[PDB]
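Trainee: Following this message is one structure expressed as structure tokens.
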Amino acid sequence: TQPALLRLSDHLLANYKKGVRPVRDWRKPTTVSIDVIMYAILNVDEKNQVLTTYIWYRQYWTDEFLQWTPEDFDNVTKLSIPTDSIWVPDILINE
Amino acid sequence: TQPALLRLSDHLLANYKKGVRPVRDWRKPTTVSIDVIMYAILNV
Amino acid sequence: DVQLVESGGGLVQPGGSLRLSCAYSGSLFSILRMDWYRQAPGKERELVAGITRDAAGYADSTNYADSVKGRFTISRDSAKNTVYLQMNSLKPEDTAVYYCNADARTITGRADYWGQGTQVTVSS
Ligand SMILES: *[C@@H]1O[C@H](CO)[C@@H](O[C@@H]2O[C@H](CO)[C@@H](O)[C@H](O)[C@H]2NC(C)=O)[C@H](O)[C@H]1NC(C)=O
Ligand SMILES: [Cl-]
Ligand SMILES: [Cl-]
């Protein structure tokens, strides 16, 4: 048909359960490549011994369920979809 | 079939009502073992 | 894995002009640097032109070899996903196979990618 990329949006997210980790083989681990950029050191607290900073953070991973072929989708490469509509890693900071 | 663990996640959470306490016998209490680690005393 | 496709190569008389196009494609990639290379029969690989964004994150910065210093001009179109090489006053010594080398970063990591290259023959 011809609604274009909207089709894609359906096709991927139709039965997609965002609770299960996106791997066809459960034994296969999902690798998250991360990136940290220091924007500013906001404040150091010498008394309470606590540092407050601002970071630009980048997360890259592989969603094995959200894969498709560019063809028969009008040669679409990438698609912008809501963050909270897909599985997301729970990476945090210990400090 | 072969969607793997995706099946499991469904099978468990299909009719799972998160409001009722998870016990087959209502007389049976749910025991919660807890653990506490002190990371920092922020302020007194 | 980003794929590169060269095009525009052909036969031209000396002193003429020819425009080469290199089209990149893939899934998730970031072209950090794009170089043009040429290889004459028997001769080594020669660096022709390159392009990379400046320290200021707006205007680009080109890099030319002493050979093609004045004749060649490398440009790009992010919208058309294609990097161009404008060859003016072609010499018979400029005759070679022109590849394009893209230093791109993917989910796998930072790596170099090469195209199939196009034949550029300058003869009378
Ligand atoms: C999607 O991309 C493919 C490849 O980039 C296009 O197919 C090319 O263009 C025409 C086909 O209409 C042919 O002359 C070329 O030889 C094809 N090349 C290859 C490598 O297949 C296709 O047309 C594009 N489709 C849309 C809708 O954009
Ligand atoms: Cl697989
Ligand atoms: Cl029981």
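For the structure tokens, the naming scheme is as follows: chains receive sequential letters (A, B, ...) according to their order of presentation, residues are indexed from 1 within each chain, and ligands are indexed from 1 in presentation order.
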Enumerate as a short mmCIF file (atom, residue, chain, number, x, y, z; two decimals) with N, CA and C atoms, in the first residue's frame the residues belonging to chain C that approach chain A to within 9 Å, with only C-alpha atoms taken into account.
Mentor:
```
data_model
loop_
_atom_site.label_atom_id
_atom_site.label_comp_id
_atom_site.auth_asym_id
_atom_site.auth_seq_id
_atom_site.Cartn_x
_atom_site.Cartn_y
_atom_site.Cartn_z
N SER C 25 25.66 4.55 1.97
CA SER C 25 24.36 4.03 2.42
C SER C 25 24.54 2.99 3.52
N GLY C 26 23.51 2.80 4.33
CA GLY C 26 23.58 1.81 5.40
C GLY C 26 22.43 1.92 6.38
N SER C 27 22.68 1.50 7.62
CA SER C 27 21.67 1.57 8.67
C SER C 27 22.02 2.67 9.66
N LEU C 28 22.95 2.38 10.56
CA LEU C 28 23.42 3.35 11.53
C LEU C 28 24.91 3.58 11.32
N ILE C 107 27.81 0.80 14.93
CA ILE C 107 27.62 0.13 16.20
C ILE C 107 28.76 -0.85 16.47
#
```
Trainee: Return as a list in words every polymer residue, whether protein, DNA or RNA, with at least one atom no more than 10 Å from an atom of ligand 3; count only C-alpha atoms and all ligand atoms.
Mentor: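 Listed by chain and ascending number, the contacts are residues 23, 24, 25 and 28 of chain B.
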Trainee: Taking only C-alpha atoms and all ligand atoms into account, which residues are within 10 Å of ligand 2, as a PDB file with N, CA, C and O atoms, in the first residue's frame?
Mentor:
```
ATOM      1  N   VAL A  23      15.844  -9.922  22.158  1.00  0.00           N
ATOM      2  CA  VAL A  23      16.774 -10.907  21.613  1.00  0.00           C
ATOM      3  C   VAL A  23      16.021 -12.157  21.166  1.00  0.00           C
ATOM      4  O   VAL A  23      15.136 -12.641  21.872  1.00  0.00           O
ATOM      5  N   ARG A  24      16.361 -12.670  19.987  1.00  0.00           N
ATOM      6  CA  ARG A  24      15.729 -13.889  19.491  1.00  0.00           C
ATOM      7  C   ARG A  24      16.210 -15.087  20.300  1.00  0.00           C
ATOM      8  O   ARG A  24      15.426 -15.971  20.650  1.00  0.00           O
ATOM      9  N   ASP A  25      17.505 -15.109  20.592  1.00  0.00           N
ATOM     10  CA  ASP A  25      18.073 -16.098  21.498  1.00  0.00           C
ATOM     11  C   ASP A  25      18.319 -15.467  22.863  1.00  0.00           C
ATOM     12  O   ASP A  25      19.084 -14.511  22.982  1.00  0.00           O
ATOM     13  N   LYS A  28      21.800 -14.874  24.112  1.00  0.00           N
ATOM     14  CA  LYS A  28      22.546 -13.764  23.526  1.00  0.00           C
ATOM     15  C   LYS A  28      22.348 -12.475  24.320  1.00  0.00           C
ATOM     16  O   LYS A  28      21.225 -11.988  24.451  1.00  0.00           O
ATOM     17  N   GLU A  64      16.646  -6.537  18.514  1.00  0.00           N
ATOM     18  CA  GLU A  64      16.561  -7.599  17.518  1.00  0.00           C
ATOM     19  C   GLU A  64      15.161  -7.741  16.926  1.00  0.00           C
ATOM     20  O   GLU A  64      14.986  -8.349  15.870  1.00  0.00           O
TER      21      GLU A  64
END
```
Trainee: List all protein, DNA and RNA residues that have any atom at most 7 Å from ligand 1, counting only C-alpha atoms and all ligand atoms, and write the list as a VMD selection string.
Mentor: chain A and resid 71 74 to 75
Trainee: Export N, CA and C atoms of the chosen residues as an mmCIF file, in the first residue's frame?
Mentor:
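That gives us result.cif:
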```cif
data_model
loop_
_atom_site.group_PDB
_atom_site.id
_atom_site.type_symbol
_atom_site.label_atom_id
_atom_site.label_comp_id
_atom_site.auth_asym_id
_atom_site.auth_seq_id
_atom_site.Cartn_x
_atom_site.Cartn_y
_atom_site.Cartn_z
ATOM 1 N N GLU A 71 13.822 -2.124 1.682
ATOM 2 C CA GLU A 71 12.931 -2.273 0.535
ATOM 3 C C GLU A 71 11.505 -2.565 0.991
ATOM 4 N N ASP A 74 9.625 1.578 1.030
ATOM 5 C CA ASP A 74 10.043 2.790 0.326
ATOM 6 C C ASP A 74 11.450 3.219 0.746
ATOM 7 N N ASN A 75 12.359 2.246 0.812
ATOM 8 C CA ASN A 75 13.776 2.491 1.085
ATOM 9 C C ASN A 75 14.055 3.332 2.328
#
```
Trainee: Which residues are close to segment 85-89 of chain C, i.e. within 9 Å by only C-alpha atoms, leaving aside same-chain residues fewer than 4 positions away? Reply as an mmCIF file with N, CA and C atoms, in the first residue's frame.
Mentor:
```cif
data_model
loop_
_atom_site.group_PDB
_atom_site.id
_atom_site.type_symbol
_atom_site.label_atom_id
_atom_site.label_comp_id
_atom_site.auth_asym_id
_atom_site.auth_seq_id
_atom_site.Cartn_x
_atom_site.Cartn_y
_atom_site.Cartn_z
ATOM 1 N N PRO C 14 41.825 15.688 -22.756
ATOM 2 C CA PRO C 14 42.672 16.512 -21.882
ATOM 3 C C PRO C 14 42.239 17.973 -21.811
ATOM 4 N N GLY C 15 42.229 18.526 -20.602
ATOM 5 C CA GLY C 15 41.810 19.899 -20.392
ATOM 6 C C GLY C 15 40.321 19.998 -20.132
ATOM 7 N N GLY C 16 39.647 18.854 -20.173
ATOM 8 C CA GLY C 16 38.215 18.799 -19.947
ATOM 9 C C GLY C 16 37.871 18.688 -18.476
ATOM 10 N N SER C 17 36.579 18.584 -18.183
ATOM 11 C CA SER C 17 36.119 18.482 -16.806
ATOM 12 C C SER C 17 35.231 17.258 -16.605
ATOM 13 N N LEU C 18 35.224 16.740 -15.381
ATOM 14 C CA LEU C 18 34.424 15.571 -15.036
ATOM 15 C C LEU C 18 34.098 15.573 -13.546
ATOM 16 N N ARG C 19 32.862 15.228 -13.201
ATOM 17 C CA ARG C 19 32.445 15.232 -11.803
ATOM 18 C C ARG C 19 32.167 13.828 -11.282
ATOM 19 N N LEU C 20 32.895 13.437 -10.242
ATOM 20 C CA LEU C 20 32.720 12.125 -9.632
ATOM 21 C C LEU C 20 31.792 12.191 -8.424
ATOM 22 N N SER C 21 30.966 11.164 -8.259
ATOM 23 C CA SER C 21 30.042 11.094 -7.134
ATOM 24 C C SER C 21 30.244 9.808 -6.340
ATOM 25 N N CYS C 22 30.233 9.924 -5.018
ATOM 26 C CA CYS C 22 30.372 8.765 -4.146
ATOM 27 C C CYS C 22 29.210 8.710 -3.161
ATOM 28 N N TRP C 36 39.138 10.756 -1.093
ATOM 29 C CA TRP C 36 39.144 10.271 -2.464
ATOM 30 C C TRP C 36 40.515 9.691 -2.782
ATOM 31 N N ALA C 49 41.725 13.920 -2.429
ATOM 32 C CA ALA C 49 41.014 14.930 -1.655
ATOM 33 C C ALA C 49 40.241 14.316 -0.492
ATOM 34 N N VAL C 68 46.728 17.662 -7.347
ATOM 35 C CA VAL C 68 45.432 18.159 -7.796
ATOM 36 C C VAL C 68 45.055 19.470 -7.107
ATOM 37 N N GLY C 70 45.090 22.765 -7.442
ATOM 38 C CA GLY C 70 44.256 23.796 -8.032
ATOM 39 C C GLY C 70 43.130 23.275 -8.902
ATOM 40 N N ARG C 71 43.301 22.072 -9.438
ATOM 41 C CA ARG C 71 42.356 21.536 -10.412
ATOM 42 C C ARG C 71 41.110 20.919 -9.780
ATOM 43 N N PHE C 72 41.298 20.170 -8.699
ATOM 44 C CA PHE C 72 40.204 19.394 -8.118
ATOM 45 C C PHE C 72 39.530 20.119 -6.955
ATOM 46 N N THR C 73 38.228 19.891 -6.801
ATOM 47 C CA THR C 73 37.460 20.496 -5.716
ATOM 48 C C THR C 73 36.469 19.508 -5.104
ATOM 49 N N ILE C 74 36.712 19.109 -3.859
ATOM 50 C CA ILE C 74 35.836 18.152 -3.191
ATOM 51 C C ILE C 74 34.704 18.861 -2.445
ATOM 52 N N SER C 75 33.488 18.353 -2.624
ATOM 53 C CA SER C 75 32.307 18.921 -1.983
ATOM 54 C C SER C 75 31.438 17.797 -1.438
ATOM 55 N N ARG C 76 30.296 18.140 -0.851
ATOM 56 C CA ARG C 76 29.388 17.114 -0.347
ATOM 57 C C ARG C 76 27.941 17.590 -0.245
#
```
Trainee: With only C-alpha atoms as the counted atoms, please give the residues lying no more than 8 Å from residue 9 of chain A, apart from itself and same-chain residues fewer than 3 positions off, as a PyMOL selection string.
Mentor: chain A and resi 5-6+12-13+79+81
Trainee: Give me a file of those residues, with N, CA, C and O atoms, as a PDB file, in the first residue's frame.
Mentor:
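What ended up in selection_10.pdb:
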```pdb
ATOM      1  N   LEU A   5       5.812   5.407   5.586  1.00  0.00           N
ATOM      2  CA  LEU A   5       6.542   4.945   6.766  1.00  0.00           C
ATOM      3  C   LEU A   5       5.635   4.605   7.944  1.00  0.00           C
ATOM      4  O   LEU A   5       6.048   3.897   8.865  1.00  0.00           O
ATOM      5  N   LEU A   6       4.396   5.084   7.897  1.00  0.00           N
ATOM      6  CA  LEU A   6       3.431   4.779   8.943  1.00  0.00           C
ATOM      7  C   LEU A   6       3.244   3.269   9.025  1.00  0.00           C
ATOM      8  O   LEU A   6       3.178   2.704  10.122  1.00  0.00           O
ATOM      9  N   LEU A  12       6.402  -2.794  13.022  1.00  0.00           N
ATOM     10  CA  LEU A  12       7.335  -3.020  14.116  1.00  0.00           C
ATOM     11  C   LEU A  12       6.633  -3.095  15.468  1.00  0.00           C
ATOM     12  O   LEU A  12       6.881  -4.011  16.252  1.00  0.00           O
ATOM     13  N   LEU A  13       5.761  -2.127  15.741  1.00  0.00           N
ATOM     14  CA  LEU A  13       5.223  -1.948  17.089  1.00  0.00           C
ATOM     15  C   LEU A  13       3.856  -2.595  17.311  1.00  0.00           C
ATOM     16  O   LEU A  13       3.230  -2.380  18.349  1.00  0.00           O
ATOM     17  N   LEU A  79      13.988   5.240  11.677  1.00  0.00           N
ATOM     18  CA  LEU A  79      12.659   5.681  12.077  1.00  0.00           C
ATOM     19  C   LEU A  79      12.687   6.230  13.497  1.00  0.00           C
ATOM     20  O   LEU A  79      13.303   5.641  14.385  1.00  0.00           O
ATOM     21  N   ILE A  81      10.943   6.801  16.912  1.00  0.00           N
ATOM     22  CA  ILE A  81       9.836   6.279  17.711  1.00  0.00           C
ATOM     23  C   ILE A  81      10.014   6.626  19.188  1.00  0.00           C
ATOM     24  O   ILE A  81      11.143   6.728  19.666  1.00  0.00           O
TER      25      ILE A  81
END
```
Trainee: Quick one: residues within 8 Å of residue 102 of chain C, only C-alpha atoms counted, chain neighbours fewer than 3 positions away excluded, as number ranges by chain?
Mentor: C: 4, 31-35, 112-114
Trainee: Mind listing the helix (DSSP H, G or I) residues of chain B, per DSSP on the backbone, as a ChimeraX atom specification?
Mentor: /B:5-13
Trainee: Could you write out the selected residues, including C-alpha atoms, as a JSON list (two decimals), in the first residue's frame?
Mentor:
```json
[["chain", "number", "residue", "atom", "x", "y", "z"],
["B", 5, "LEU", "CA", 11.55, -16.36, 26.11],
["B", 6, "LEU", "CA", 8.99, -14.00, 24.58],
["B", 7, "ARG", "CA", 6.56, -16.88, 25.05],
["B", 8, "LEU", "CA", 7.41, -17.12, 28.76],
["B", 9, "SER", "CA", 6.87, -13.41, 29.40],
["B", 10, "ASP", "CA", 3.43, -13.78, 27.83],
["B", 11, "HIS", "CA", 2.56, -17.09, 29.49],
["B", 12, "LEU", "CA", 3.20, -15.69, 32.96],
["B", 13, "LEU", "CA", 1.83, -12.17, 32.54]]
```
Trainee: Run DSSP on the backbone of this structure and report the residues of chain A it assigns to strand (DSSP E), as a ChimeraX atom specification.
Mentor: /A:33-45,50-60
Trainee: My list of candidates is C:23, C:105, C:46, C:1. Which is closest to residue 65 of chain C when distances are computed with only C-alpha atoms?
Mentor: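 Distance minimum relative to residue 65 of chain C lands on C:46.
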Trainee: Restrict the calculation to only C-alpha atoms, then for each residue of chain A with any atom at most 12 Å from an atom of chain B give the closest atom pair and their distance in Å to one decimal, rows by chain and rising residue number, as CSV.
Mentor:
```
residue,atom,partner,partner_atom,distance
A:15,CA,B:6,CA,11.0
A:16,CA,B:6,CA,9.9
A:17,CA,B:6,CA,8.3
A:18,CA,B:6,CA,10.5
A:19,CA,B:9,CA,8.0
A:20,CA,B:6,CA,6.4
A:21,CA,B:6,CA,8.4
A:22,CA,B:6,CA,8.9
A:23,CA,B:5,CA,8.8
A:24,CA,B:3,CA,6.7
A:25,CA,B:4,CA,6.7
A:26,CA,B:5,CA,6.3
A:27,CA,B:5,CA,9.8
A:28,CA,B:4,CA,11.6
A:45,CA,B:42,CA,11.3
A:47,CA,B:43,CA,10.0
A:48,CA,B:42,CA,6.6
A:49,CA,B:42,CA,8.8
A:50,CA,B:42,CA,9.1
A:64,CA,B:3,CA,11.8
A:65,CA,B:3,CA,10.6
A:94,CA,B:39,CA,9.6
A:95,CA,B:39,CA,9.0
```
Trainee: Nearest residue to residue 11 of chain C out of C:54, C:94, C:60, C:103, using only C-alpha atoms?
Mentor: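 Looking only at the distances to residue 11 of chain C, the closest residue turns out to be C:94.
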Trainee: What does the structure give for the distance between atom CA of residue 2 of chain C and atom CA of residue 47 of chain C, in Å to one decimal?
Mentor: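 Interatomic distance here is 20.7 Å.
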